[PDB]
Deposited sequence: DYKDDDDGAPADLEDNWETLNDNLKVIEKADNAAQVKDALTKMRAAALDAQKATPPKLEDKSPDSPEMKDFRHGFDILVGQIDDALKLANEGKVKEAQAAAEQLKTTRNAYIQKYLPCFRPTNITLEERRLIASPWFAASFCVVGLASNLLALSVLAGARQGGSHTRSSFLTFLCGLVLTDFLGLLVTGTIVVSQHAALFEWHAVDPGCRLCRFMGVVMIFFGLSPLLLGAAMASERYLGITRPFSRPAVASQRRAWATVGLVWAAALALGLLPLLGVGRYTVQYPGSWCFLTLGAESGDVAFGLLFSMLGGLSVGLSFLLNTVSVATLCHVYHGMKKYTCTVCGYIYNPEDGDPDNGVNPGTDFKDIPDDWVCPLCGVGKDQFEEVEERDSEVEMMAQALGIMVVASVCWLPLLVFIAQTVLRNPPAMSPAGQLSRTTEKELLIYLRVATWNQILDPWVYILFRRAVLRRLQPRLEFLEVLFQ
């Protein structure tokens, strides 16, 4: 037999034929192509009903729908065999409604749900979703506005990338989500099929992982720029940074593309306003769930590890005697310590060390040593990098942990039909709603964590 989705397409392809067709020959043939697909789809076992036996009332209630669809196809096929062109055109038109009730709800991306029509009505809020979305977009546009005045840094390139990623994220997902709330989570209304749902899943993983990986990219710019000599050859550094952003996006799209390649699955999630990786126990669902959570988690982890070391370096260096770093191995010459093993007792100013003194780490001369200059720009960026890091810690980590736990749950978290408890269905929505805040708060870390803001909003205290 053929996949329910393949038959679903056949039924649409032919429904579109009958619509534009002018004679009963084309109409009859398109309806003949329909009937076999409906008969084929009846032999199929939807994923939504994997745990049911064929004898099951849930299973025969499914097969009866195809009896009804075939019944209508035959009712229209009788009219096409009558030569009644306009009549057969109309009888096949009502099949659009019929296919939604008997095929569309069993399509792959549709997991089972015990959410009543009543629950959907009150949960449906397009105007609030729109409001939140607009707030998110405005914020991001505001960050880019501020960025436009400020900027050439490798840091700022990633910050721009992260603000731009957040904006498109809120705009593309927001639009889907608002439409769903406007359509009371009835997918067929917006787009019949699993295509929009699958697109939404890829978009979710893309805009999920991207702000996390770019957050980690920023933590690495700070780490290298602070630990290694503060040599900022912009244009090159900005190219290296935009290229990294592009790789970050490519890697984030490539992972969002895995459920399409059969590693994982995109299915509609409670309340029905969005799609995501399926939180199942299936080998793929586990591999993809952990891949996503491990990557986001490691991104936030690595961001913490690096940032603490960069702050540790900024605090040690931006305090005390005039430190000079080796521009070959980064060795920070601390007058405070000296090099007593090489006759430079503690308290020796760099200006007081002889030429016949070499770097105790790499061995290069005093000529290859640069003065460590205190820059408020380095402080401003370190603050924004920590701010971005804390935002991701607070918003993303709960969801990332939740995903990995759900996927690794001792008694399976998901039923064989693909159903989740309404507590886990709610937990995920709450955890996702939290993650949404990272895309709203990242532009504000840039807007607020600035030396000019500190200055203009100083006499408040």
Non-modelled portions of the deposited polymer sequence, in sequence order: 1-9, 161-166, 477-484
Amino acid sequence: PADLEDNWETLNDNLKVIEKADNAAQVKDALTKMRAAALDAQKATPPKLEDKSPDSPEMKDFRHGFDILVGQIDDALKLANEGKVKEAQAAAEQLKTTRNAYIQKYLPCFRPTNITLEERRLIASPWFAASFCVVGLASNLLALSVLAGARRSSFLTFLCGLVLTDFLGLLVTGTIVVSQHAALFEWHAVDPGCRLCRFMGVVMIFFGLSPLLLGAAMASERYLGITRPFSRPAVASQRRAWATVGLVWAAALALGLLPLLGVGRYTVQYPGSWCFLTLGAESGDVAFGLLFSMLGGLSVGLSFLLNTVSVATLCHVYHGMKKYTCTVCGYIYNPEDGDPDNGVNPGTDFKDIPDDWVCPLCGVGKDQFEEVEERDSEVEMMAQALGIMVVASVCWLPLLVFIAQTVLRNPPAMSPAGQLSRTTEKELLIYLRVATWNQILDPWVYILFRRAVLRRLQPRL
From here on, numbers count along this sequence of modelled residues.
Residue stretch of maximal mean CA temperature factor, 390-398 vs 23-31: 23-31
112-120 versus 174-182 - greater average Cα B-factor per the deposited record: 112-120
Identity of residue with top Cα B-factor, from 234, 203, 275, 164: 234
Residue of maximum C-alpha B factor among 265, 195, 240, 84, per deposited coordinates: 84
B-factor third for the C-alpha atom of residue 440 within its chain: lowest
Residue 413, C-alpha B-factor rank within chain (lowest, middle or highest third): highest
Third of the chain's Cα B-factor distribution that residue 221 belongs to, per the entry: lowest
Entry-reported Cα temperature factor of residue 324, expressed as the chain third it lands in: middle
B-factor third for the C-alpha atom of residue 246 within its chain: lowest
